[PDB]
Amino acid sequence: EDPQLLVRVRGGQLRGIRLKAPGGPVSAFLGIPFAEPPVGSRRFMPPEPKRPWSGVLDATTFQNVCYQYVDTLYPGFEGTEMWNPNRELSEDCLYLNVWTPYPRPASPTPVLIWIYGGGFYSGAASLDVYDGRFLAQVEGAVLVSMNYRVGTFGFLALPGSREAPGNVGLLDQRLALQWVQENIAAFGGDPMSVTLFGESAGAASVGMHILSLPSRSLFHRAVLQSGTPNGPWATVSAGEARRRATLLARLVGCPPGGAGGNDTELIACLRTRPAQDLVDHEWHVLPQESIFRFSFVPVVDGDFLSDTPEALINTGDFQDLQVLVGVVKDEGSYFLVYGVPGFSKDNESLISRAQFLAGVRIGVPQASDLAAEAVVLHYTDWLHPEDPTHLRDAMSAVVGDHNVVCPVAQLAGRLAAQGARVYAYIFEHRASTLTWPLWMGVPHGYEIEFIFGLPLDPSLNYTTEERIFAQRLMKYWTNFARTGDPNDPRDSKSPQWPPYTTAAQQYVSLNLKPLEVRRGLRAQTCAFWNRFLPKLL
Amino acid sequence: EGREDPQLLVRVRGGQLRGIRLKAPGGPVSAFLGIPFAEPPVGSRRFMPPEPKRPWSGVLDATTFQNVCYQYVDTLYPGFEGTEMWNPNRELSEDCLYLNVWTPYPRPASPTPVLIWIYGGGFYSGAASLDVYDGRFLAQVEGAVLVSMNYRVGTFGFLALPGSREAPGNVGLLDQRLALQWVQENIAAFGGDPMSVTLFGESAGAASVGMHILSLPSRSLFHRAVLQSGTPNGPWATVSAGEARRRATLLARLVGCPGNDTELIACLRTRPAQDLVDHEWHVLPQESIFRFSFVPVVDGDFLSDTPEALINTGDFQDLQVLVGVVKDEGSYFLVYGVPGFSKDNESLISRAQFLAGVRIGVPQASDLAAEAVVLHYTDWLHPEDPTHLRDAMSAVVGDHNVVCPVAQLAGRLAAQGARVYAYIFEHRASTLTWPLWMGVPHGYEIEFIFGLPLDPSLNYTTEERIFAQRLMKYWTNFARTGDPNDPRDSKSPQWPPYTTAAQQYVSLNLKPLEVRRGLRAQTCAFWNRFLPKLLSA
C-alpha cells in the first residue's frame, strides 16, 4: 500500500502502479477517466466531464482504445502492427495516462502532454512508442497522454447541427488539457508550464489548440512533429464535412428512405448503428482516389476554428509562444505502399515514368491536369527523366513535400513573422531496428521512439550510439518544455540550435553527428507549393 | 592585265575580278572583297527577292568592302568600343548586296573546305565587313576558304505583306541563299570545294543558319552547320504571317501610307530609306528587349511551317551541327531597356525592378506565366538580394531567348538523327569593355573563333592567342570532317557528341576541354515544356 501511488484528484482517489525504468522506478497512473463515456446518445457529441467516483479507482492499467479502423495491409508485420490498437476497441475510451518521477517531484515540474497521430482515424495513447516512463525517469518530466475520439466518432460533423457539431475529437483533447490544469499539481506537475507535443495528426491537433482561443489558456508551448493545422489534409470545409457525413449516412441505410430531415433525424439513425458499421464505410466517402487524405478530420466550423487555419496563421498574434516544429527525412515514403501502383515494402519499387504520372494524380488528388503537369515537370530530374530510382524517390518527395514539409515551412514562417519564437529541425536517423525496406528511408513516426527514450531499454536492441542519440533528443524536448528553448545551458561550442526566422530560415539536422545548422527548408520547392500552386487554381 | 599579281585575277560566272594580297600575322592571304551577287535591290526592287547579278564587263575591282545594307546605327554610348564595334564601317546604302572571299596565298592547288559566315544583328543590323569577321586568319592559319555576304536587314530585308507579290517577306534570307548559290557555282574558281560548304553564324546569323537547315531549297547548298547563340525556333527569330502583316501595315501608317497590298507597298517604295529606319522600332506590340520588328516570317514558302513544327517532324539524317551559347546570353540587352541596368555601375536592382524586368524580358507572358518565371528564378533564401536579382534578370532573358531554344534545338536534332556537338563559351576577353557584371555577353566569342588574337598588335594575352588557335582548330576541323576533334591528337580530351541520353557538351575556356551534362536541363524544362501550356490558359 504505497502512498506514492495514491493520489486524490478532483473526482476522487486513484491508485497508480510502480513501473520500472532502466535507471530507477516511476509512478504511473494509467486509464484515468476524464470524461463521461461518449456512448449511446453521446456519440458525435462534445465530451462532458467525468462524474466523481466513490472509493479508490484502479489506475494501474491502460484503458480501452477508441473505436477505429485497424490496419490489415501486412498482417503480422511489425512495421504496421506497432501502430495498431494494443487494447480492446470501445467507444468508452475517454481516458488519460500520467507518468511521474518516483518519488513524486518535490517541486512543481514542467508537464509534457502527448497527442498521438493516426490521420484522425486511428491511434491510441497506449502504444509502446508513447511510453512515458523514460522521460519521467531520466528527465524528471511529468508526462500526460490522452485518448481522443477518431474517425466518425471523433470527427463526423453536420456543421450547424446541435447533435453532431464536429471537432469533438479535438474537444476530447481540450477536456484532457483542462483536466491537467485542475489536477496535475496533485501529481506534482506544474499547471503553469504545460507543453503540448504531438506527431502527424497529433501535430495538426497541437496546431489547432494554438489557433483556438479557448485552448490557449491551457498550455504555454507547443511541439509539432511532421504535421500542421494548415495544408491539404488536416481540415475540411463545412460543405465538404456535410457531404461526407450525409454520404456515410446514406451508405449505412440512414435514414431508411427519406432521406434527411433534418440533421436531428439523420443523427438519431446514425447513433443506432454498431460502431463497426460506421467504420466499414469510413473509407468510401473520399471525393477522389488518393493517399494522405482521410475522411473524417477537423472541420472549419466557425466555432472551434473560427476561420481556415491558413487565414488564422496569417493574422494571428503569437508573441508569447514558443514552438518547436520539424519533419523527418522521408515524410512521403510510408503512404506510397497504401495505394500507389508500383510500390511495395517487399521489392525496391523501382517505378516507370507512367507509374510516376499516375501516382501524382493520386498524391495530389485535387490537382487539375495543368497543376499535375507542373508537379511532374518540377519533380522530374531532366538529366535522368526515366531512371526508376529517381522516379521512385520523387514520388516519395511529392507526397512528403505537399503534405508535410511545405506546410511545415509555411507554418514556421508565419509563426516567426508574427512574433512566435520558433525552432525547426529535420530528423535523419533511420533506426537500426526498422523493419521497412531501405528505400523508404526515415518514414514519419520513426522518430517518436527516440524522443520517447525507448533506446534506453537495454532489452530493445538499439545500437549504443542510438542510446546516446535518444538521450540528446530527450534533452532537447524537455529543455524546450522547461524553458521554451531546446538548447542546453551547460554546454558549448557543439553548436547552438538557432531560432527559425523568415530572414535566415535556419534549422538543424537531428542525427548521430552533432547538430548541423542548415538554411532554408526545401525553399525553392516550397515556393512552388506554397506560392505558385495555389495561383494555378 | 600584264603588270600585276597573277594570283589576284579570278573569273567568276559574271566576269573578272581583281583581289588584293593582304598581310596576316604568319603570311599573305588573298581577299576578293565586295563581289556583287545580286542586282542592287533598289527603287522598284525594294522588298522584293534578289535577282542574280547581271554579268559585267572588264575587270571588277574587288579590293575593298562594299556598302553596308541600310540600317539603324546605335548611339547609346558614343566613343564606346563595346557598342561601336558592331556599327556599320562602310557607307549605308540599299545597294548593298555584295559578298567577300578570303583564301590562302597562293590559292590552294586542291579543293579546300569552305566556311560561309552569316553575321548577326537581330535582323535589323550587321555587316560582313566588321573587323571581328576578318577572314584573313582562318584563311592564312587553317587554309580555309571563307566567304561572307551582306544581306538586307530591317524593313528592307523583312517587311512583309504575306501573300502579296511585291513584299513576300524573308527576302533577307533569300539574299543569303542567293550568295549560297553563288558559292556553289563559283567558289571552285578560288580553290574552294563546293561539296564541302559549312554555314556558321552568330545570333540572328545563327537563326539564319537554322532557317537554311529547315528550308529545302537551301539544303543542297551546304553540308554542315554551326549555330552560335541563336536558333530558328524560339521567341524572337520568327513572326506569324498575321503579326508580320500587322507590323508592316502599322509601319506604313507611321510614314504616311494608307484593300490593295499593291498600293501600300508602292507607297512604301517612294519613302526614303531613313524614314523606314526612323520608325522601325515603333511597331512592337509591347515594350520589350530581345524582340525585333522585322524578322523572318512563317510564310508557308521559305518556312513551310513554324520552326518548332519543322524541328519536331523533320529528318536530320545527313546533318552534322555544332551549336552553343556564351556564359551570359542575357546581360547585353538589359542596358538597352530594363530600368535599373547600366554599363556604368554594378546594376544592383530591387525586387520591384526585377518583377518589371520580367514583364519586359518576357513580353508575351500573362500575369500567371510571369509569376511563374519570377517564382522560378527567385532565390527564396535571399529573395530581396540585389546581386542575385540582377543576375537572375540576366538569366531569364538569356535562358528564354537563347540557352533554352538552343537546348530544344540540340535535343530535337539529336533525336532526328543528326550529329550534334554542343558548347558553352566561358572566356571573357581580356580587352572587353563592358563591365564585369555582364560576364561574357553574346558576340564576344566571335573574335576568338575568327582568330583575332593572333594579331600581335591587338593586346590579347598569350593564353588568349593559344585559345584562339584551339577554337579555330575546332571550327575548321568541324567544317572539314563533321567532327571538331583532332583525328590524330587523341592526347587532348575528346568533345563527345550531344545526345538525348547523355546531353554532353563542352566548356570552352583557357582550361582544357571539360565535359558537362545537361544544358540548364531543369530550367529549360520550365521554358520548353511547362511554359507553353501555361500559355493555353
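Residues numbered from 1 in each chain as written, not as in the entry; some residues may be left out. Chains lettered and ligands numbered in written order. Heavy atoms only, no water.

**Student:** Would you mind showing me how to read the UniProt feature "disulfide bond" in chain B here?
**Tutor:** All names here are of chain B. Where 2.5 Å serves as the upper bound for a disulfide, the S to S distance of 2.1 Å between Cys 69 and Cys 96 confirms the link that UniProt reports. With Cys 69 in strand β6 (residues 68-69) and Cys 96 in the loop between β7 (92-93) and β8 (98-104), this residue pair connects regions lying 27 residues apart in the sequence. Between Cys 257 and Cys 267, where UniProt places a disulfide, the sulfurs come within 2.2 Å of each other, which fits a bond. Across the pair, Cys 267 and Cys 257 agree in class, each one buried. (Disulfide = S-S within 2.5 Å. UniProt positions renumbered as here; feature names shortened; annotations may be inferred. Helix = DSSP H or I, 4+ residues; strand = E, 2+ residues; numbered from the N terminus. Buried < 20%, exposed > 50% of the residue type's maximum accessible area, 1.4 Å probe, protein only.)

**Student:** Any chance you could explain the environment of B:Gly122 here in plain terms?
**Tutor:** Residue and element names in this part refer to chain B. You can see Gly 122 is positioned in the loop between β9 (112-118) and α2 (136-142). Overall, the relative accessible area of 6% leaves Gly 122 in the buried class. Separated by 85 residues in sequence, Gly 122 and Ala 207 have C-alpha atoms that sit 9.4 Å apart. For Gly 122, the contacting residues outside a window of four places in its chain are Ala 204, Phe 292 and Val 295. (Contact = heavy atoms within 4.5 Å.)

**Student:** Would you mind going over the packing of aromatic side chains with me for this structure?
**Tutor:** Aromatic rings considered in pairs are described by the distance between their centres and by the relative angle of their planes. Counting across every chain of the model gives 80 aromatic pairs over all chains. Centre to centre, the rings of B:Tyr77 and B:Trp434 are 6.2 Å apart; their planes meet at 80°, and the pair counts as edge-to-face. Looking at B:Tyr77, the relative accessible area reads 13%, which means it is buried. Their ring planes at 75° and their centres at 6.4 Å tell us that B:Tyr421 and B:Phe478 sit as a pair that is edge-to-face. On the criterion of sequence distance, the pair formed by B:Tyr421 in strand β14 (residues 419-425) and B:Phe478 in helix α16 (residues 462-481) is long-range, its members being 57 residues apart. B:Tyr421 sits in the buried class, given a relative accessible area of 3%. A relative accessible area of 0% places B:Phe478 in the buried class. The residue whose ring lies beneath A:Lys345 is A:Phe77, and the NZ or CZ to ring-centre distance is 4.0 Å. (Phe/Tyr/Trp six-rings, centres within 6.5 Å; stacked < 30°, edge-to-face > 60°. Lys NZ or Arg CZ within 6 Å of the ring centre and 35° of its normal.)

**Student:** Would you explain α16(B) in this entry?
**Tutor:** Three or four residues apart is the spacing at which side chains of an α-helix point the same way, because the helix has 3.6 residues per turn. All names here are of chain B. Across its 20 residues, α16 extends 29 Å between first and last C-alpha, which sits within 8% of the 28 Å expected from 1.5 Å per residue. Of all the positions in α16, only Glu 464, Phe 467, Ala 468, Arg 470, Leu 471, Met 472, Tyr 474, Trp 475, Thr 476, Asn 477, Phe 478 and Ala 479 are classed as buried. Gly 482 lies just past α16 and shows a positive phi near 90°. (Expected span 1.5 Å × (residues − 1).)

**Student:** What am I meant to see in the pattern of salt bridges here?
**Tutor:** Pairing between side chains of opposite charge can happen when their charged atoms approach one another. Per the counting criterion, the structure on display carries 40 salt bridges over all chains. Residue B:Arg520 is joined to B:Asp399 by a salt bridge in which the shortest nitrogen-to-oxygen separation is 3.1 Å. In this pair, B:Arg520 is assigned in the loop between β16 (514-517) and α17 (521-534) and B:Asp399 in helix α14 (residues 386-415), connecting sequence segments 121 residues apart. In this structure, B:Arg516 and B:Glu514 form a salt bridge, with 3.2 Å as the shortest nitrogen-oxygen distance. In this structure B:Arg516 comes out as partly exposed when scored by relative accessible area, which is 22%. If you follow the salt bridges from partner to partner, you end up with A:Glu139, A:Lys475 and A:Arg482 in one network. (Salt bridge = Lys/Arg side-chain N within 4 Å of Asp/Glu carboxyl O.)

**Student:** Please explain the UniProt feature "active site" in chain A as it appears in this structure.
**Tutor:** Residues and elements named next belong to chain A. Sequence positions flagged by UniProt for "active site" are, in local numbering, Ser 200, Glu 331 and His 444. Their sequence span is 245 residues, while the largest C-alpha to C-alpha distance among them is just 9.8 Å; these annotated residues converge on one region. As for its placement among the helices and strands, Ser 200 is situated in the loop between β11 (189-199) and α5 (201-211). Residues within four places of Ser 200 in sequence aside, it is in contact with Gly 117, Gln 225, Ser 226, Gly 227 and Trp 233. For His 444, the position within the fold is in the loop between β14 (421-427) and α15 (448-451). Setting aside anything within four residues of it in sequence, one finds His 444 in contact with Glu 199, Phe 292, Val 328, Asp 330, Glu 331, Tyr 334 and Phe 335.

**Student:** Before we go on, may I ask you to explain the pairing of strand β2 (residues 15-18) of chain B in this structure?
**Tutor:** Across a regular strand the side chains alternate sides, sitting on one face of the sheet and then on the other. Residue and element names in this part refer to chain B. Alignment of strand β1 (residues 9-12) against β2, held across 4 bridges, turns out to be antiparallel. The residue of β2 that forms the bridge with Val 10 is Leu 17. The turn linking β1 back onto β2 is made up of 2 residues. Direction of pairing for β2 relative to strand β5 (residues 59-61): parallel, over a ladder of 3 bridges. Its bridge partner being in β5, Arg 18 is matched across the sheet by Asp 61. (Pairing = 2+ DSSP bridges.)

**Student:** Can you help me understand the interface of chain B and chain A in this one?
**Tutor:** Interfaces are often sized by the accessible area lost when the parts come together. Each partner contributes to the interface: chain B provides 22 residues, whereas chain A provides 21 residues. Across the chain B to chain A interface the summed buried area is about 1,800 Å²; carbon plus sulfur atoms make up 63%. On the chain B side of the interface with chain A, the three residues burying the most area are B:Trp380, B:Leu381 and B:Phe530, jointly 33% of the side's total. Our count for the chain B to chain A interface comes out at 1 salt bridge. Residue B:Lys533 is joined to A:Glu373 by a salt bridge in which the shortest nitrogen-to-oxygen separation is 2.9 Å. Along the contact surface separating chain B from chain A lie 8 residue pairs in polar contact. Put simply, the parts of the chain that give the side of chain B that touches chain A at least two residues each are α13 (367-377) and α17 of chain B. For the side of chain B that touches chain A, the element with the highest residue contribution is α17(B), accounting for 7 residues. Within the side of chain B that touches chain A, the residues separate by chemical class into 11 nonpolar, 6 polar and 5 charged. (Buried area = accessible area lost by both parts, 1.4 Å probe. Polar contact = N/O pair within 3.5 Å; in protein donor to acceptor, adjacent residues only side chain to side chain. Nonpolar A, V, L, I, M, F, W, Y, C, P; charged D, E, K, R; others polar.)

**Student:** Help me understand the UniProt feature "disulfide bond" in chain A in this model?
**Tutor:** Residue and element names in this part refer to chain A. A sulfur-sulfur distance of 2.1 Å is found between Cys 66 and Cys 93, whose disulfide is recorded in UniProt, and that is short enough to count the bridge as formed. Residue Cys 66 is located in strand β6 (residues 65-66), and its partner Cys 93 is located in the loop between β7 (89-90) and β8 (95-101); the two are separated by 27 residues in the primary sequence. Of the disulfides listed in UniProt, the one joining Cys 406 and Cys 526 is reproduced in the coordinates: its sulfurs are separated by 2.1 Å, less than 2.5 Å. On the criterion of sequence distance, the pair formed by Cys 406 in helix α14 (residues 388-417) and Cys 526 in helix α17 (residues 523-535) is long-range, its members being 120 residues apart. Each member of the pair, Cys 406 as well as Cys 526, is classed as buried.

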